[PDB]
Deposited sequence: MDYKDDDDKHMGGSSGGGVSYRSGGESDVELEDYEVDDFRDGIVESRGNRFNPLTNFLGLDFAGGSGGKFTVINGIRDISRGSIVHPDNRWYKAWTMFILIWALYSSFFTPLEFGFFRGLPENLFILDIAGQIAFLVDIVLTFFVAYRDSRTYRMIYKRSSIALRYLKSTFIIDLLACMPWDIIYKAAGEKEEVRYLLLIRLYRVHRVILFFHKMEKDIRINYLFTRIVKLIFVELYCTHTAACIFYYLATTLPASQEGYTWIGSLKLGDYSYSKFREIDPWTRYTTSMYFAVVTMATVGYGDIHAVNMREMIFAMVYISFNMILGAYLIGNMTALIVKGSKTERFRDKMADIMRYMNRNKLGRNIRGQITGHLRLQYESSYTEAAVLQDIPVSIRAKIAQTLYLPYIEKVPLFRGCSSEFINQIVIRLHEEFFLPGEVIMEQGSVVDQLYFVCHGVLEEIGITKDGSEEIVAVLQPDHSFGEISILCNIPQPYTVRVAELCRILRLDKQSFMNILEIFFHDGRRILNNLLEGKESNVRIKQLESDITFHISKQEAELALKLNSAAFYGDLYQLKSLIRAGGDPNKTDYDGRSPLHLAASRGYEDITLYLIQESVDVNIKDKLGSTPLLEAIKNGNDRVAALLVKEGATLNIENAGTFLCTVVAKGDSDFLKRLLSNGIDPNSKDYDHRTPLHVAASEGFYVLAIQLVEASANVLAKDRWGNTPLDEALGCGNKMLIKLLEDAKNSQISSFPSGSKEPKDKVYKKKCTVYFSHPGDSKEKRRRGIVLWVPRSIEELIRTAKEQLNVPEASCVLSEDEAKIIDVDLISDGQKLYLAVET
C-alpha cells in the first residue's frame, strides 16, 4: 500500500503532523521547566501527540522516497526503509516514548527528564517546511526570510527561557538566594519565593532574560548568579552571537543579492558619476538613457531565459510564439513545414524600442531581421507593419545596407545571422529553391527588392 509523497492525503497528514510538531516545539521546554511531571490533564494531550508521531513513524515505510541524485520515484516498499532507518529513525523513536510516564515510574528521578530534550528535535519539522516554503516561488523572499528568523529566534529565546528557569529550580528552596530569580529585586517587586509566584510571571521574567541577552542589550537587572547559570550564559551568549551574525549576514545577503534594482542603480549612477564629471547637457542625454536602459533590460533577460532549458522545449515555445507570423511574413512566404520550423528554433530575439535606431547606411547587415510586431520606418524608404521582414539586402548582394532603420513603435525584431540563413538553405535545398522562386515573384520593388532577383540566382548556383 505504498503512497506517493505528492499525494494530497499524505500532504495533508504532513501538515497535520506539523501542527503537532509546532505544539511539541513550544511545549516540550515547558515540560523540562515549570512542570516536574504532567499533573492530570496534559497526559491525554501528550499521549495523543505521541501516538500521532508513533503512527507517523509507522506511516513512513509506505511513503515513496526519491533520491536527489537519481531523481527516481521509487515504488518499492521494502527499499523505502533503507533511508529512514539511517537518517532520523533513531532520533525519532526516542521522541515518541512517554518519557514523562517513565519519569513518574522510576522514582521521579530527575536524570530521565534530561533526556526529554531529544523532543526538541521536532522543531526541525517546521524548519523543513520553511525550506519548502522558501522553495515555493509564490511568496516574497523577504517575507519568508524575516518570518524564518523571527521563528528561529522566537524558538531560541523560548527554549533558553524554559531552561534558565530550570537552572534556578535545580537548587533547593533553602538556597534560592544563590539563583538568578530568587535574588531578583526588580523595582519594589521582590521575587523572594519564586517557586510559588504565578507561573506566568516566572516565565515572562525568564523570557525577558533570554530576549535582552539575545539582542546583546543586557540591562543587567536579570543576570547569572551561580556557576550553572554562568555556564549556560556562556553557551547562550556565544550561540546567539553565531546566530546574530547569521541573521545579520542573511539580512545583508538579501539586500546585496537583490540587485536587479541595484543594476538600475549601477547604470543610472555611473552615468551620474560621468555627469558629476561633466554636467553634460541633458536632452540627448536622457533620450539615449531611456533607449539604452529599456533595450538592455529586454535583450539581457531574453538571452538569460532563451539560454537555459533543454532544446526541445525552446523549439516548442519558439514555435508557439515565432512561427505564426513567420509562416506568412512578406520575406518568408510560401515555404514548407520543416523549413519554417528549422529557422524559428534558432532565431535570436533582438527587441528594439519605439524610436530606436537599429542600423544606418553603410552597415553590412549579416543578421536577418523580422518585425514580429509594431510598425517600422526605414528612413534612409520602406515602412514595415507588424508581420514584416527586412535586412536581406546585405546578405546576398553583399553591399552594405543603405537603409537607416528607425522604429515607429514596439518593433519586435528577431535576429538571424547571415551564416545561419545560408545554413538553413543547404539542409533543405528543395525548399530553399521554393522560397527563392517565391522570392523571384512580384516583390521586385527597389534595389533591395528588385535587384534581389539578380542576386537570388547566386544561391541557385550554390544549390544547383
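What ranges of the deposited sequence, counted from 1, have no C-alpha atoms in this structure?
No C-alpha for residues 1-82, 463-471, 556-838.
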